[PDB]
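As a starting point, one isolated chain is supplied in structure tokens, in the form deposited in one PDB entry.
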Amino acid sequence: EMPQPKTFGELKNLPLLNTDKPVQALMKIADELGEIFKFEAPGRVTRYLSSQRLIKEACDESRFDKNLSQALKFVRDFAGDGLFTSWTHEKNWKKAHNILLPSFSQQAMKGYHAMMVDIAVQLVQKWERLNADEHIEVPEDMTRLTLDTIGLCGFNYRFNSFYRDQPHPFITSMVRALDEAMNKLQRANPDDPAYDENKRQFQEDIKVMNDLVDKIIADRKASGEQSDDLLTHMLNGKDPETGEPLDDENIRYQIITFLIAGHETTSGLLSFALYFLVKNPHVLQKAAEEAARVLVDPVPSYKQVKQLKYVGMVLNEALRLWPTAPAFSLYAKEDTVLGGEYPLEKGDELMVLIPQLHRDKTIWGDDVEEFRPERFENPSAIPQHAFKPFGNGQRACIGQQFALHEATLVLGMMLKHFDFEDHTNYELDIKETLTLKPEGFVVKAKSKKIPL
């Protein structure tokens, strides 16, 4: 019999998600119940997996395909049949997949590098210009950087986040829509007139996001600057299989999708990485020494970023402990037996609980809570399906190399140009908005006074 956490009569397990930190709650449940537990709500069931033993079966694409979790079905209200919220079998998924993969080729990535540097230099200059005793609001500045990077690299659009003391309106609306989706999970009678205003606000925030997408497309339309970026591929690329391009409706959904997926989780990653660095000073020193050794020019080169091996290890270890898109959903393609123990029928759902997978002591050893970048000295040594911060198979993250190149560049420059102080002895507090991010994480920087 499958373990199951505590129930609330007719509501079954649903009230367990009536919390501001649902993923962290599910992790605690996994600690108590083990590698698999059933989670029921009125009218639905899923099974949360936490061991590599079971997740390696879940990642077999002949047996399971990507499912849209409840969260993703609600995000689909604004993300449509964009890549993240489309089913594998929808024509627009494989079309967009084939059309946009070229936007993340090696040659594309080399092409984005200069614009990544543009935004990174803005970050470095902001911090150089701070006065004595001033501090840095880490997740806020990381969100400024990542949003601006996807906007510029992807769409030749400048959000100019470093010119604002508040979040860009896009961010404010995105955040409000995302945690409104985190709210809709735990609810009942959605057509209740009580939520007429919540729907009005949801539609308002969606309109804000779509108005900006309108601007991006119109600006490209009127331009004559010869762009060869993500939007270029959206507007002109043809799917080799069907021979078709994307239509205008799908393009709008892809823009929204990439603006959100293309920064939020990267800002979390950078925030967690800097957190672990300041909490582990020997690791910080080792990373700083690499940055100084490798980044010998005022502008980092593409090749130099690729040579930041230890900074890459730091980022992977941060993703191990706190993968910022912490779960993904699967359904059974056919009847099948999971783990030689659990019979599933076609259509049965699974949730992969990534932070728990990443704490599987049979894979990582007993010290799973310790921050040790050296675990990733040779990424080849990690068993298959043991480390899954970017999902699985053909439905894995399309932007993984983009995110990692950006984060490595930025963290490298940060470690080259400043020493960091955990001046408040910050107590980790992880805010959940579907994605994960340190809340209230602040540091002080002291410039090493190296020119740009």
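Numbers follow the displayed sequence, beginning with 1. Here, rigid core means the biggest group of C-alpha atoms that superpose within 1.5 Å across both forms.
A second form of this protein, the form deposited in another entry, is not displayed here; the remarks below concern that form.
Superposing the rigid core between this form and the one not shown leaves a single residue from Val299, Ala114, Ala188, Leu101 with a C-alpha shift of at least 2 Å: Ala188. For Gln226, the Cα coordinates differ by 2 angstroms or more between this form and the one not shown after the core has been superposed. Taking the rigid core as fixed, one finds a CA shift for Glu334 smaller than 2 Å between this form and the one not shown.
Once the rigid core is overlaid between this form and the one not shown, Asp248 does not reach a Cα shift of 2 Å, moving by less than that.
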